[PDB]
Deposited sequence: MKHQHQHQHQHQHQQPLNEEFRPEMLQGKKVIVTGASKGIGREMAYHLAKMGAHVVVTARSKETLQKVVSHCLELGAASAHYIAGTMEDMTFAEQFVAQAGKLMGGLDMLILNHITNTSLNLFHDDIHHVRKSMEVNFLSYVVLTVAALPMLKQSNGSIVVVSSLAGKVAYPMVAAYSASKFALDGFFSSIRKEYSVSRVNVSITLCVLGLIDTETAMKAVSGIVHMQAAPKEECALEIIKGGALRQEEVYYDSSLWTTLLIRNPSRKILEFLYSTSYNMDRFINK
């Protein structure tokens, strides 16, 4: 889309109505806290009821306009649908949908685990589509934004994360296609895809113990990208990563072909 030709400021999120998924820990939790400090209305979700309550209480302490949680698993597509409808009622609308959750993923070779492939596709990809469809009427009303959190393994191939990579590549294909559609149909909803290197969440640090950028800063850069309506955000400890992983030729060919 057309990004905002503006400097980010935290007041861009003041009073904005934001869903954050996968917000009980890791990057999602940090995004909830940043949003709370900016004075946003937030609804957080994950499976962990008790941790979500603690996240909500801290968001209120930090200055959230309001904060609520709804607990459930994004394996359940009915839950996903119902979640968005309830979150919208809790906030009186929706300005930004931050899709961040994933199913449990560790480093292993692919041997015959079709169940993990299916579960990864359902939780990491299909649930994002279901959430988007449920959110789109509200986002069209607010000229809002969808933020999709992805990965280096969603842009290039790695061993040991085959099922995950499939799901993150699928997000790029799906959301980059609907971005093109929203441009031609003049739907004023931005789509931001975030491509992350190694981030120091507990999940990642445990996953890479047998082989990191700060999660607070990562979370802020994701929000900034969404607020500025950027097509993509690249975040890593090293500029070697963020500068070289970019594929400007793809965007050029998409334009020239159109």
_From the N-terminus onward, what segments of the deposited sequence lack any C-alpha atom in this model?_
1 to 13, 225 to 228, 276 to 286
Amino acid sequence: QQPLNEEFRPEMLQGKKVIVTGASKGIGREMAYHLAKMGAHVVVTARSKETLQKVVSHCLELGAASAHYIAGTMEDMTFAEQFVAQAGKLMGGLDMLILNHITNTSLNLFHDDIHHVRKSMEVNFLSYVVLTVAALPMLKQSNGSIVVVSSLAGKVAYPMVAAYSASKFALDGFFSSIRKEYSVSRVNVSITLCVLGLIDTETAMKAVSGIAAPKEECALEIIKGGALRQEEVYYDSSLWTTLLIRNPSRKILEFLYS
From here on, numbers count along this sequence of modelled residues.
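Note that the rigid core is defined as the largest set of C-alphas that superpose within 1.5 Å between two forms.
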*asked:* Core-aligned, RMS over all structures and residues: is 198 to 206 or 229 to 237 the stretch with the greater C-alpha displacement in 6 other deposited structures of this protein?
replied: 229 to 237
*Which is higher on average in the deposited entry, the C-alpha temperature factors of 232 to 240 or of 17 to 25?*
232 to 240
*Quick one: say whether 100 to 108 or 128 to 136 has the higher mean Cα B-factor in the deposited entry.*
100 to 108
*In the PDB entry, which of 205, 219, 36, 44 has its C-alpha at the highest B-factor?*
205
*Between 40, 213, 31, 56, let me know which has the highest C-alpha B-factor in the entry?*
213
*Can you work out whether the C-alpha temperature factor of residue 177 puts it in the lowest, middle or highest third of the chain?*
middle
*Place residue 117 in the lowest, middle or highest third of its chain's C-alpha B-factors, as listed in the PDB entry.*
middle
_When the deposited Cα B-factors of this chain's modelled residues are ordered and cut into thirds, is residue 89 in the lowest, the middle or the highest one?_
middle
*Would you mind ranking residue 145 by its C-alpha B-factor against the rest of the chain and naming the third, lowest, middle or highest?*
middle
*asked:* Looking at the temperature factor on the CA atom of residue 123, which third of the chain's modelled residues does it land in?
replied: lowest
